[PDB]
Amino acid sequence: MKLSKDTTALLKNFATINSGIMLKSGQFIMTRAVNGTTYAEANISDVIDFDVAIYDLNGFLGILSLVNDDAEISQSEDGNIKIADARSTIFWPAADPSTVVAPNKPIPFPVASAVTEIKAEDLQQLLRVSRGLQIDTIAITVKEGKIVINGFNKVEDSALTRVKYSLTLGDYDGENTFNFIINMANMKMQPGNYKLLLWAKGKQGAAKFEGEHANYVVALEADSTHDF
Amino acid sequence: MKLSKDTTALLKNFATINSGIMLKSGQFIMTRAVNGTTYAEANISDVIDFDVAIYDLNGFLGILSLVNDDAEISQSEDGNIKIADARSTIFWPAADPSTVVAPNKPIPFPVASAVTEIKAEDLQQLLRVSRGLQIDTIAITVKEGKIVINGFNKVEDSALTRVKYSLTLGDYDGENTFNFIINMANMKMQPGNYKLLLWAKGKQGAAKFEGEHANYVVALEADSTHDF
Amino acid sequence: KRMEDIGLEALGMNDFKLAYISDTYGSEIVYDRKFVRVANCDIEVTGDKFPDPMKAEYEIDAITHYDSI
Amino acid sequence: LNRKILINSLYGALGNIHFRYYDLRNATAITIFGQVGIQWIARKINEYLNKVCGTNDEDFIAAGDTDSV
Amino acid sequence: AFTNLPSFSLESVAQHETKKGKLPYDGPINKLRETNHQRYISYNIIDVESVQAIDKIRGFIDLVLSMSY
Amino acid sequence: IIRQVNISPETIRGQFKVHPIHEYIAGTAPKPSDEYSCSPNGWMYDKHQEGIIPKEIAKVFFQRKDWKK
Amino acid sequence: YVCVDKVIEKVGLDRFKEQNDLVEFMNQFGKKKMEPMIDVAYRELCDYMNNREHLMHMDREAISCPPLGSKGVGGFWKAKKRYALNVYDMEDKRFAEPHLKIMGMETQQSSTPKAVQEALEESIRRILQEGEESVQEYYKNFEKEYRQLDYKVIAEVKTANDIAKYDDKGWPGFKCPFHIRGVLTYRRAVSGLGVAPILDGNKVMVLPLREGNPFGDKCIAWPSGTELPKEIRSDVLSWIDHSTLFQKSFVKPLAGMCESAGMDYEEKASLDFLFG
Amino acid sequence: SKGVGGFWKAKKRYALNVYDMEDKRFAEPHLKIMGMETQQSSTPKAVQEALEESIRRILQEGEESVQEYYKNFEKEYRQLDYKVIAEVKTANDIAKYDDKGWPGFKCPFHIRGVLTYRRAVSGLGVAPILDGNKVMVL
DNA sequence: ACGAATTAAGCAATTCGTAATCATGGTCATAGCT
DNA sequence: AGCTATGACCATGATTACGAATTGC
Ligand SMILES: [Ca+2]
């Protein structure tokens, strides 16, 4: 089995969610955060031929980047990971599947209550700006017959009304109303255009960023109110 | 003096080994490790008419790269180094030769017990993997008529029985057996093609990496076991 | 005690066995080691838990007592 | 409450070295039999609950201290 | 004695000074009675003889007699 | 110490001006006195009159020397 | 303690065809310089204090020195009340062989096993009698032969209480101190063997296991005096970090002592042999 | 309801919503707790009432009630009286540590506060902190 | 470690603070390459 | 002139042993 460079980039972006990601036979990868506030998955062209759990996935990728793309990765005689290149052989310790916090089954995300589209430039600007203004909470909501995404600050404003960022996202003719919010610990999606889906019921909600390579799912905090 | 780009590129890699240097008259530049573990030599095309000991050699190179290549180096009036540019003058302190650890004579390398070669990219990958997987010892040995290099971590295994890295360097037609141990601290030569010479007799062993411009000599740990 | 409660120093020697000995002998005393009886003893006790000297739950089964006389 | 404090004072007294009738064997027998009794009832409750519930090797007892359980 | 031996066990001091080695034995002490009673009593008697021998060589009872007299 | 400089209880002749320890150790402090001997604590000890404790120490030392001879 | 490194050098080591001759010259100049110097010193002291009489006499008690013609150091100091001397003539008793007067180190202390004590004493003798290279070769060969020694004398032993410690099916609970974790590992391994479970307050022998072990723990602990079930014992014997214990109990004291005497117990293997 | 009913914390530490006690049927269930902070006198009175009500909510109401009441008491905490929120542990062994009204070797928290109060103003002739008394610490 | 005359309900348990010690994150400084 | 890999540090986090205050069966 060989991993493409795009597969490595996707694995590194997934490594951000959790330093240790388990792998299973197939071509579908999937992970969650340690606290369960963020989940991600992807459908990759390469097919994995063996189950294995890795602890330092960032280190594993850093080592893998040092060899040619034709490297053959497989289980070893002791159950570890072995990478055979033209003239080199890399040994890596296969971690215990128990000591990796990974989602048990792929999540069947339900029907979206709200749907819109976030452009690549919008997210690309928002993520970098959030660091500049020390913005750690950003709330999507419905305003003047449209759907817009505005960023606030939380360290000094517990009322969540001090307005620091604003971004017009799109149109929405939906009678359902909502004020969802996300912390910046959950915004780890790579630059790109994503279909944004919103679901909310009872006292909890979720947001989904589906993309042409990978899908992400982010939790909505307590103040994320929805009137459906 | 006028130092060309190639000479500076050679002696900065040497500066990585030993901070100080003792630039003698001629066209032969020499360096030794302060602890006497690695000893490097090169021949250059620049004329040298006085000898001088340099302490902060890397800063001297920073100044040289800051200024034009045709800057002239002289013995300053205050017993130090003067750098005359096309428009500016610089002063650099001259270190006491007794405070600089430098070889006193060229070392005549004995007859090599084993002869082989290693490519540039092979050594580059070896060094990057060495930093990655925290290997500190490398074992040069033989395997099925082929000379191989393996990586072992002394911290976790003092007996060196956990293969983490392995490369095949070349063929080996003979019956003399050997296993040399080299610490990663001495693998400080510049990237490039090299010829590896190995010498061992009882408890006296050494290795030599000779490239197209510079030569390096590395000591062998007493744990090495050879049958010559 | 009466001299103590009035804050007046009372001389002499307090312990009285020593005074009895000094008056009883006075001169230096000559002795023979044979006559004085020295008994050298040891015991052995068997128990599951480590035997406790203070409570001594277990039985006594081995006693050795060496007499010099 | 008067009678109860008297009775509860008895056990405390029986462990005081200055008590007239103090005997370490007596106090340690009282307390060790208390331990054995509470754990014995614990085991019996465990077995009976396992039988009545129909499952096995399940610890139905939350926690017990001295007489209480 | 002014001698700081590593351990003040009777076997250790007897070995250090009398240069007489204790007979090796197997198992724990508590079962030793029921395994080899003969060995048990002989060990206890040896112990007493070893303390007698350390006394004889060092000469301490004579010292305490000379002290007290 | 007890013999060469009398430290018997009754040979205290009074207090002596105490200097810092460095003065005594370096010899920079002046000579304390000629009539009575002194100590770094700073209490005047009789030289002409012999005490009782050094007398006993001298007696025991002489007996030890004779018996070692 | 006096006579450090001056009197002997001032005259010259060439005047000694035999170490005993150096000891004799030691005695000669000691008698030459001892009584008048100490006499006038303590005379000055008693006169300063103006006491009735002076009763303080010195006497050379112990004489240590490295054996002649050898690179051994003879005597060093570690800290307060910690020192070893290669004494030769203690209180006017000439010794045919050197005597290693040692105080404060681990040799007399019984914390380490008796084999470790013997090894430490031999290493001390080596550093005080012949010097570096012999210490190096002895360290190497003892490293070679340590792996074959009985695990009963080369493993750890510790008390065990509160066996539960919030077991939670192998979960440490209250930070099992590298030995209760081994107790849990041993309990998991012997699951189904029917062996006696570990109780509270029992002395348990602990053996750290090699990393990546099937046991799931880098240490295992079985009741002291007993042995791990041979079935699992063979496995635990295959995974042993003899090195860990070695660096805990043996390498650390040797390192401290060697750095306390300007020595190095691990061969550096420099290139200086070709430099000259 | 969504209440747990009863829960435990350690040895001699437990909280139960008792409905009957020795054949005495109770009209409404009442809380029975042994060991936790609402029975420890050293915990503050206002804190005692707050966490006792929180425990009652845990045992009877459920998670959402606990979160709501925690938020409400977090809001209410700032504007409460200073005397009703403090640990009230005793003091013993006065001469172990005191110096210039500053902590000594192994000075506990309450004793450190006592010495700070000694440094506070003093000279007013107020009753001292002689051992056997109870002191609030802030 | 011999003072020597004498005295008054018990144990098991948690939890926090302090003092000692080892591992380490954020950040600063160095520096090296572009 | 600036990004970034890495050593030092400074504090921070974590674990252990011990003293203390308080319940509760
Ligand atoms: Ca009760």
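Residues numbered from 1 in each chain as written, not as in the entry; some residues may be left out. Chains lettered and ligands numbered in written order. Part of a larger assembly, values for the part shown. Heavy atoms only, no water.

Judging from the entry metadata, cryo-EM is the method by which this structure was determined, and 3.74 Å is the reported resolution.

Asks: Even after reading the chapter, I still don't get the overall build of chain F, so can you show me in this structure?
Replies: Counting secondary structure elements, chain F contains two helices and three strands. For chain F, the sequential pattern of α-helices and β-strands runs β-α-β-β-α. Here chain F has a C-alpha radius of gyration of 15 Å; the compact-globule value for 69 residues is 11 Å, and the former is much larger. Considered along the principal axes of its C-alpha atoms, chain F spans approximately 45 × 25 × 15 Å. Across the 69 residues that make up chain F, the buried fraction comes to 32%. Long-range pairs, those at least 24 residues apart, make up 57% of the contacts in chain F between residues at least 6 apart in sequence. The distance from the centre of the 11 positive side-chain charges to the centre of the 8 negative ones in chain F is 8 Å. (Helix = DSSP H or I, 4+ residues; strand = E, 2+ residues; numbered from the N terminus. Rg over C-alpha atoms; globule rule 2.2 N^0.38 Å. Buried < 20%, exposed > 50% of the residue type's maximum accessible area, 1.4 Å probe, protein only. Contact = heavy atoms within 4.5 Å. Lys, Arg positive; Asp, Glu negative; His and termini not counted. Charge placed at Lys NZ, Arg CZ, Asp CG, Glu CD.)

Asks: Teacher, can you tell me more about the sheet that holds strand β5 (residues 72-75) of chain B here?
Replies: Where strands meet in a sheet, backbone hydrogen bonds hold them as pairs that are either parallel or antiparallel. Residue and element names in this part refer to chain B. A sheet is described by the order of its strands in space; here three strands give the open sequence β5-β6-β7, paired in antiparallel fashion. Edge positions in the sheet fall to β5 and β7 (89-92), since each of these pairs with one other strand and no more. Pairwise comparison of adjacent strand axes, ignoring direction, gives a mean angle of 25° for this sheet. Sitting on the sheet, helix α2 (residues 57-66) is in contact with β5, β6 (81-84) and β7, with an inclination near 175° to β7. (Pairing = 2+ DSSP bridges. Axes fitted to C-alpha atoms, helices over the stretch in contact; angles between N-to-C directions.)

Asks: Looking at this model, I keep getting lost on the interface of chain A and chain B. Mind explaining?
Replies: In many reports, interface size means the accessible area that the parts give up when they come together. Listed by partner, the interface residues are ten residues for chain A and 13 residues for chain B. Across the chain A to chain B interface the summed buried area is about 990 Å²; carbon plus sulfur atoms make up 59%. Among the residues of chain A in contact with chain B, A:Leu66, A:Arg87 and A:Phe91 are the three that bury the most area, contributing 55% of the side total. Where chain A touches chain B, the interface holds one salt bridge. Note that B:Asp122 is salt-bridged to A:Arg87, the shortest N-O span being 2.5 Å. (Buried area = accessible area lost by both parts, 1.4 Å probe. Salt bridge = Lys/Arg side-chain N within 4 Å of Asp/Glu carboxyl O.)

Asks: It is not clear to me how the pattern of salt bridges should be interpreted in this structure. Could you clarify?
Replies: Once the charged atoms of two side chains with opposite charge are near each other, the side chains can pair. The final tally for this structure, using the stated rule, is 37 salt bridges over all chains. A salt bridge links B:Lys154 to B:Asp223; the shortest N-O distance between them is 3.8 Å. With B:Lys154 in the loop between β10 (146-152) and β11 (165-171) and B:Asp223 in the loop between β15 (214-219) and β16 (225-227), this residue pair connects regions lying 69 residues apart in the sequence. On the basis of relative accessibility, which here comes to 33%, the residue B:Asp223 falls in the partly exposed class. For G:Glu118, the salt bridge is made with G:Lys114, and the minimal N-O distance between the two is 2.3 Å. Placement of the pair is G:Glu118 and G:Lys114 together in helix α4 (residues 114-129), with a separation of four residues, close to one helical turn.

Asks: What's the story with the protein's contact with DNA strand I in this structure? I'm lost.
Replies: The immediate surroundings of DNA strand I are formed by 16 residues, with B:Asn58, D:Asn16, D:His18, H:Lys11 and H:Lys106 found nearest. Among all atoms of DNA strand I positioned within 4 Å of the protein, those belonging to sugar or phosphate total 80%. Here a phosphate oxygen of DNA strand I sits 3.1 Å away from a polar atom, N or O, in the side chain of H:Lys9. Mapped by element, the contributors of at least two residues to the surface near DNA strand I are α1 (2-14) of chain D together with β1 (6-10) and α3 (109-120) of chain H. Element by element, the count of residues in the surface near DNA strand I is highest for α1(D), at three residues. Along the lines of polarity and charge, the residues of the surface near DNA strand I split into five nonpolar, five polar and six charged. (Near = heavy atom within 4 Å. Polar contact = N/O pair within 3.5 Å; in protein donor to acceptor, adjacent residues only side chain to side chain. Nonpolar A, V, L, I, M, F, W, Y, C, P; charged D, E, K, R; others polar.)

Asks: Got a minute to help me understand the environment of D:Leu49 in this structure?
Replies: Residue and element names in this part refer to chain D. When you line up the elements, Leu-49 lands in helix α2 (residues 24-53). The partly exposed category is assigned to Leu-49, whose relative accessible area is 28%. Expressed as a C-alpha distance, the spacing of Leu-49 and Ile-61, which sit twelve residues apart in the sequence, is 9.3 Å.

Asks: Just checking my understanding: could you explain the protein's contact with DNA strand J for this structure?
Replies: In the region of DNA strand J, 17 residues are neighbours, and D:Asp65, H:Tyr14, H:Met34, H:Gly35 and H:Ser41 sit closest. Within 4 Å of the protein, the contacting atoms of DNA strand J are 87% sugar and phosphate, with bases supplying the remainder. A distance of 3.5 Å separates a sugar or linking oxygen of DNA strand J from a polar side-chain atom of H:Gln40.

Asks: How do you make sense of the sheet that holds strand β1 (residues 12-15) of chain F when you look at a structure like this?
Replies: Residue and element names in this part refer to chain F. In space, the three strands of this open sheet follow the order β1-β3-β2, with antiparallel pairing throughout. Taken across any chain shown, the strands that pair with only one partner, and hence form the sheet edges, are β1 and β2 (36-37). Bridging between β1 and strand β3 (residues 43-46) involves three bridges; their strand directions are antiparallel. Bridging across to β3, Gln-15 finds its partner in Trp-43.

Asks: What's the story with the arrangement of the chains in this structure? I'm lost.
Replies: With eight pairs of chains in contact overall, the contact-richest pair is chains B and G. There is a clear gap between chain B and chain F: no contact, and 41 Å between their nearest C-alpha atoms. Nothing in chain A touches chain G, and the closest approach of their C-alpha atoms is 8 Å.

Asks: Looking at this structure, I do not really get the pairing of β5(B). What am I missing?
Replies: Each regular strand displays side chains that alternate between the two surfaces of the sheet. All names here are of chain B. For β5 and β6, the ladder comprises four bridges, and the chain directions are antiparallel. What sits directly across from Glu-72, in β6, is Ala-84. Taking the residues between adjacent antiparallel strands as the criterion, β5 and β6 are bridged by five residues, where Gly-79 takes a positive phi near 65°.

Asks: I keep staring at the relation of the copies chain A and chain B and nothing clicks. Help me out?
Replies: Relating one copy of the chain to the other requires a rotation about an axis plus a shift along that axis. Note on the identical chains: chain A maps onto chain B by a rotation of 120° and an axial translation of 0.1 Å, with an RMSD of 0.8 Å. Both chain copies can therefore be described as sitting about a three-fold axis. When each C-alpha of chain A is compared by its distance to the rotation axis, A:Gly62 comes out closest, at 17 Å. (Least-squares fit on C-alpha atoms.)

Asks: What is the right way to look at the packing of aromatic side chains in this model?
Replies: Given two aromatic rings, one states the distance between the centres and the angle between the planes to describe the pair. Residues and elements named next belong to chain G. Under the definition given, this model contains 38 aromatic pairs over all chains. On the numbers, 6.0 Å between centres and 15° between planes, the contact of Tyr-138 with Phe-142 is stacked. Remark: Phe-142 and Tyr-138 occur in helix α5 (residues 132-146); sequence separation between them is four residues, near one turn of the helix. For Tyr-138, a relative accessible area of 9% puts it in the buried group. The exposure class of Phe-142 is buried, given its relative accessible area of 11%. (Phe/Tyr/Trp six-rings, centres within 6.5 Å; stacked < 30°, edge-to-face > 60°.)

Asks: What is the right way to look at the packing of helix α1 (residues 10-17) of chain E against helix α3 (residues 37-58) of chain E in this model?
Replies: Helix packing geometry: the angle between the two helix axes and the distance between the axes. Residues and elements named next belong to chain E. Between α1 and α3, whose axes approach to 10 Å, the crossing angle comes to 45°. Accordingly, the angle class assigned to the pair α1 and α3 is oblique. Taken as a pair, α1 and α3 cross one another with a handedness that is left-handed. Together, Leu-10, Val-13, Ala-14 and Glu-17 of α1 and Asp-47, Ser-50, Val-51, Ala-53, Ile-54 and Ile-57 of α3 make up the contact between the two elements. Among the residues making up the contact of α1 with α3, the classes are represented as seven nonpolar, one polar and two charged. (Parallel < 35°, antiparallel > 145°, perpendicular 65-115°, else oblique. Left-handed = near helix turned anticlockwise from the far one by under 90°.)

Asks: I'm lost on the side chain of B:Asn186 in this one. Help?
Replies: All names here are of chain B. Topologically, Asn-186 is positioned in the loop between β12 (177-183) and β13 (194-201). Looking at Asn-186, its side chain comes within polar contact range of the side chain of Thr-37, at 2.7 Å. Apart from residues no more than four positions distant in its own chain, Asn-186 is found in contact with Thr-37, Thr-38 and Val-218.

Asks: Looking at this model, I keep getting lost on helix α1 (residues 45-60) of chain H. Mind explaining?
Replies: Residues and elements named next belong to chain H. A rise of 1.5 Å per residue sets the reference length of α1, with its 16 residues, at 22 Å; its end C-alpha atoms lie 22 Å apart and thus fit the reference within 8%. Where α1 is concerned, the buried positions are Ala-46, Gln-48, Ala-50, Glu-53, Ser-54, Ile-55, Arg-57 and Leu-59. Along its buried surface, α1 packs onto β1, β2 (13-20), β3 (25-34) and α2 (63-77). Immediately downstream of α1, the backbone of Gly-62 shows phi near 135°, a positive value. (Expected span 1.5 Å × (residues − 1).)

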